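Reviewing the structure listed below.
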Amino acid sequence: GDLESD
Amino acid sequence: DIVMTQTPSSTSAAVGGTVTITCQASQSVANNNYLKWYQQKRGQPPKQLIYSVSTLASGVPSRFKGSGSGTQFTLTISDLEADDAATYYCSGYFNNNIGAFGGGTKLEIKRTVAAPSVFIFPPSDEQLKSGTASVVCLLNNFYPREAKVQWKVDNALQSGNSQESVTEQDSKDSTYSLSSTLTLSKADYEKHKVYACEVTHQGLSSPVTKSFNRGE
Amino acid sequence: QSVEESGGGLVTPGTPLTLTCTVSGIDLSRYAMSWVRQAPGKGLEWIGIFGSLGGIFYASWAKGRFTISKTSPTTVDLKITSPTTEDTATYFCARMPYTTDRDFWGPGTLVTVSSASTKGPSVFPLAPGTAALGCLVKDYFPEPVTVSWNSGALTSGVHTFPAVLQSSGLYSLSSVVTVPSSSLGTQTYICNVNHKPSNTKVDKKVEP
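Residue numbers (PDB author numbering), protein chains in the order written: chain Q, 30 to 35; chain B, 1 to 216; chain A, 1 to 128, 136 to 215.
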């Protein structure tokens with residue numbers, strides 16, 4: 030899925 | 001699985017020198033730039049150095065430089081200072097939303113040889129009252145770290161009844177300190193007279209001996 | 001923008017253990033939190049993450065062994081499933097961005113997995136151009152202790168050695184300081200030992 034950390 | 005292989009495990013260089021640390025990830029980081037460099041000290045949490053592979057964290061000196069190519073990354077520390085004595089870690093994030101760290105790189109700052117200052121401490125009366133006797137030998141502010149500390153009671157070499165502990169490298173003068181603690185009972189303690197700590201170090205022309213006579 | 005871990009200390013093997021991460025000024029609906037650990041003398045180990053979109057991800061080795069959850073807008077949990085000796089480590093909660101410098105780590109909280117009982121230390125004095140003195144902080148459990156000198160006024164030339172686990176299963180530590188030899192009859196030297204696991208506070212007078 031989409032990234033969940035920056 | 002995911003592995004971030006950090007090399008070298010340890011290295012040494014003098015003030016003003018240069019060290020180069022490589023981090024090799026098993027797959028490309030997320031967005032090709034989820035890669036940060038950390039600096040860690042013993043009693044402290046890590047302190048950021050580099051983010052986005054190469055961007056310098058606010059307040060970090062420019063002598064820290066970050067580089068890399070997709071899977072291989074380099075932290076280069078130029079114009080080394082004493083303060084740079086620490087353990088460095090690479091921190092990465094991956095597309096499956098998974099983070100990992102390199103095994104770390106411990107950096108020792110070289111400096112001129114510094115001989116230890118040696119002190120011996122007999123047990124306290126409060127401790128003798130409690131039925132135990134610990135004799136302490138202190139090697140203070142020396143370099144390099146390698147040292148030989150042996151105990152002799154009435155000129156009999158002890159074995160297996162002592163324990164050594166060493167500080168981290170000081171970030172100001174780059175020295176180490178070491179304690180060797182001899183653990184006896186009160187009975188065995190009052191059995192003897194001469195208690196001696198013998199210290200061998202590159203900074204000492206010949207082994208130094210610090211001794212005391214029990215009950216004096 | 002600050003982080004603090006809680007719930008650390010001594011725990012019995014097999015007893016579930018929940019750590020809590022408390023943030024202030026950080027929006028967990030918009031930023032991720034990570035759980036990291038560090039065994040004594042070892043490297044950092046990534047445990048898991050609560051993502052910006054509510055995703056929860058664990059290292060391959062940490063799946064099952066840990067459960068991460070968000071319990072309140074300001075708290076994130078790390079439940080260590082049936083703890084073992086190898087789970088003894090300092091545990092960090094961190095706002096650890098890879099692409100910004102808004103990087104905040106908690107100070108870390110030590111989790112000790114052992115059947116031993118907590119024990120307050122005994123403090124003994126190491127009495128004396137330069138002179139040395141110290142405090143033997145003997146036989147305590149678990150780690151850690153803190154040692155100050157003269158309530159923080161004395162800091163230069165202080166060396167507090169790391170603890171060594173004794174054959175009895177207890178820890179021993181020494182804290183030394185170098186001082187001018189002229190000052191011995193003139194000034195007091197006091198070591199302030201604090202061992203929070205036992206809620207012990209000891210002040211020890213060091214004299215020639």
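Cβ coordinates follow ideal geometry from the N, Cα and C atoms, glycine included.
* Could you tell me whether any Cβ in chain B is nearer than 7 angstroms to the Cβ of A:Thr88? => Along the third sequence, read from residue 1 onward, the residue named residue 88 of chain A stands at position 88. False, the Cβ-Cβ gap to chain B never drops below 7 angstroms.
* **Beta-ladder partner(s) of A:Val186, from DSSP** => To locate residue 186 of chain A, count along the third sequence from 1; it is residue 179. Paired residues: A:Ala138.
* Asked: Under a CB-based cut-off of 7 angstroms, is A:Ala32 close to chain Q?
  -> Residue mapping note: residue 32 of chain A aligns to position 32 of the third sequence, counting from 1. With 7 angstroms as the cut-off, A:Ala32 counts as an interface residue toward chain Q.
* **C-alpha gap between B:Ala30 and B:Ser54, whole angstroms** => On the second sequence, residue 30 of chain B is found 30 positions in, with the first residue counted as 1. On the second sequence, residue 54 of chain B is found 54 positions in, with the first residue counted as 1. Each residue's Cα considered, the two are about 15 angstroms apart.
* How do the region 51-66 of chain A and the region 196-211 of chain B stand: do at least 3 beta-carbon pairs fall below 8 angstroms, yes or no? -> no
* To do: Would you please verify whether the beta carbon of B:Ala57 is less than 7 angstroms from any beta carbon of chain Q?
  => Taking the second sequence and counting its residues from 1, the one referred to as residue 57 of chain B is at position 57. False, the Cβ-Cβ gap to chain Q never drops below 7 angstroms.
* Have a look at the DSSP bridge pairing and note the partners of A:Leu172. => Translated into the one-based positions of the third sequence, residue 172 of chain A becomes position 165. According to DSSP, which records beta bridges pairwise, A:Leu172 is partnered with A:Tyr178.
* To do: Kindly identify the DSSP beta-bridge partner or partners of A:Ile68.
  => Position 68 of the third sequence holds residue 68 of chain A. DSSP output for A:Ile68 lists A:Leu78 as bridge partner(s).
* **Helix, strand or coil at B:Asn155 according to DSSP, with G and I counted as helix** => Here residue 155 of chain B corresponds to residue number 155 of the second sequence, with the count starting at 1. Coil at B:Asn155, not helix or strand.
* **Check: A:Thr81 C-beta below 6 angstroms from any heavy atom of the ligand ZN** => Among the components modelled here there is no ligand, and therefore nothing to report on the ligand ZN.
* **Terminal residues of the alpha helix (DSSP H) in which B:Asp188 lies** => Position 188 of the second sequence, counting from 1, holds the residue named residue 188 of chain B. First-last of the alpha helix (DSSP H) with B:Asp188: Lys186 to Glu190.
* Asked: How about A:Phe168: is its C-beta nearer than 7 angstroms to some C-beta of chain B?
  -> Walking along the third sequence from the start, residue 168 of chain A turns up at place 161. By this cut-off, A:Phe168 is an interface position.
* Under a CB-based cut-off of 7 angstroms, is B:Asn213 close to chain A? -> Taking the first residue of the second sequence as position 1, residue 213 of chain B is located at position 213. With 7 angstroms as the cut-off, B:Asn213 does not count as an interface residue toward chain A.
* Asked: Is the region 1-8 of chain B touching the region 18-33 of chain B, taking contact as three or more C-beta pairs under 8 angstroms?
  -> yes
* Asked: Going along the chain, which residues of its own chain have a beta-carbon closer than 7 angstroms to the beta-carbon of B:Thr167, five neighbours each way excluded?
  -> Along the second sequence, read from residue 1 onward, the residue named residue 167 of chain B stands at position 167. So the qualifying residues of the chain are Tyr176 and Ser177.
* To do: Tell me, please, whether the CB atom of B:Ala100 is closer than 7 angstroms to any CB atom in chain E?
  => Any reference to chain E falls outside this structure, whose protein chains are Q, B and A.
* Asked: In three-state terms, what does DSSP make of A:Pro204?
  -> Translated into positions along the third sequence, residue 204 of chain A becomes position 197. Helix, per DSSP.
* To do: Measure from the alpha carbon of A:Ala160 to the alpha carbon of each residue in A:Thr195, A:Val11, A:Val23 and A:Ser82, then state which is nearest.
  => Translated into positions along the third sequence, residue 160 of chain A becomes position 153. Of the listed residues, the one whose Cα sits closest to A:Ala160 is A:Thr195.
* Does the Cβ of Q:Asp31 have 16 or more other Cβ atoms within 10 Å, making it buried, or fewer, making it exposed? -> Along the first sequence, read from residue 1 onward, the residue named residue 31 of chain Q stands at position 2. Exposed.
* Asked: A:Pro149 and A:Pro204: beta carbons closer than 7 angstroms?
  -> On the third sequence, position 142 is the one that residue 149 of chain A refers to. On the third sequence, position 197 is the one that residue 204 of chain A refers to. Going by C-beta atoms, A:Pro149 is nearer than 7 angstroms to A:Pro204.
* In chain order, what residues of the region 53-64 of chain A put their CB closer than 7 angstroms to some CB of chain Q? -> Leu53 and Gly55
* DSSP on A:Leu53, reduced to helix/strand/coil? -> By 1-based counting over the third sequence, the position of residue 53 of chain A is 53. Three-state result, A:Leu53: coil.
* To do: Please determine if the region 188-197 of chain B and the region 77-88 of chain A are in contact, where contact requires at least 3 C-beta pairs separated by less than 8 angstroms.
  => no
* Asked: Quick one, which residues of the region 81-115 of chain B are near chain Q if we go by CB-CB under 7 angstroms, in chain order?
  -> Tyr93 and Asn97
* Asked: chain B partners of A:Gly120, CB-CB under 9 angstroms?
  -> Taking the first residue of the third sequence as position 1, residue 120 of chain A is located at position 120. Those within 9 angstroms of A:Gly120 in chain B number zero; the least Cβ separation is about 14 angstroms.
* CB contact check: A:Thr99 to chain B, cutoff 7 angstroms -> Counted from its first residue, the third sequence places residue 99 of chain A at position 99. Closer than 7 angstroms to some Cβ of chain B, the Cβ of A:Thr99 qualifies, so yes.
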